[PDB]
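One chain comes next, on its own, written as structure tokens: the form deposited in one PDB entry.
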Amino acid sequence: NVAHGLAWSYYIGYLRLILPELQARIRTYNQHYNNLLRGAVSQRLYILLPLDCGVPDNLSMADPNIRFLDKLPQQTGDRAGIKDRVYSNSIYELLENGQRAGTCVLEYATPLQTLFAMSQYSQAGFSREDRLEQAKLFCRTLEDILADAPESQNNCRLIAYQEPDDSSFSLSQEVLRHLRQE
């Protein structure tokens, strides 16, 4: 029930507003003289969606192969008393064994971090057994809403991963893999 809400409020309150735009984000950045012909930024927002853990804020400390590159242009909007709502995203370079596969506008779905916090907040009453179905149904609902919303289904790709045990998991390869897919 909780994850359901957050997925709807993430789409309606954020994606539903910035997915129809943001094409010029990677248009101006890739054609900037200080990076002209140095990787063309991809046409979509790659959302990192962990499934077992709380979302980290810094990508460098999470995966060494992940490296902060730069920040793309900012935006504006009339949002609940904010006639100029600034939207900003940060570009990252996927460096797999020194070899940089590429760079794209990247960010984690923030509502996923909030539904993890809820489990260690005894007032919210969210339990760790439900947690699994929560983070999962947040990605599921975000995939399901993106299906019924074709104007949002494109312009964004979802990167979900489950790494509970050790299998040299790398959240950096998942991205490079998803970019080459289509």
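Numbering starts at 1 and follows the sequence shown. Note that the rigid core is defined as the largest set of C-alphas that superpose within 1.5 Å between two forms.
The segment moving more, judged by mean Cα distance from this form in 5 other deposited structures of this protein after a core overlay, is 66 to 74 among 40 to 48 and 66 to 74. A fit on the rigid core, followed by a root mean square over CA positions in 5 other deposited structures of this protein, ranks 5 to 13 against 18 to 26 and picks 18 to 26 as the more shifted one.
In the record comparison, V105 is modelled in each of the other entries of this protein that model the residues flanking it, with no third of them omitting it. Gaps at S167 occur in at least a third of the other compared entries of the protein that contain both adjacent residues. According to the entry, the deposited sequence places 1 to 3 unmodelled residues between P164 and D165. Averaged over CA atoms, B-factors in the entry run higher in 117 to 125 than in the other of 117 to 125 and 46 to 54. In this entry, the higher average B-factor at the C-alpha atoms falls on 32 to 40, of the pair 32 to 40 and 152 to 160. In this entry, the residue among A80, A101, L106, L112 with the greatest C-alpha B factor is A101.
Among all modelled residues in this chain, the alpha-carbon of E133 has a temperature factor (C-alpha) in the middle third.
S60: CA B factor lies in the middle third for its chain, per the PDB record. In this PDB entry, the Cα temperature factor of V2 sits in the middle third of its chain's modelled residues.
Form deposited with a small molecule bound: not shown, discussed below.
Note that among 139 to 147, 153 to 161, 124 to 132, 33 to 41, the stretch whose heavy atoms approach the small molecule to within 4.5 Å in the deposited bound form is 33 to 41. Put simply, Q99 is far from the small molecule in the deposited bound form: not one heavy atom of it is within 4.5 Å. Using a 4.5 angstroms threshold between heavy atoms, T28 counts as touching the small molecule in the deposited bound form.
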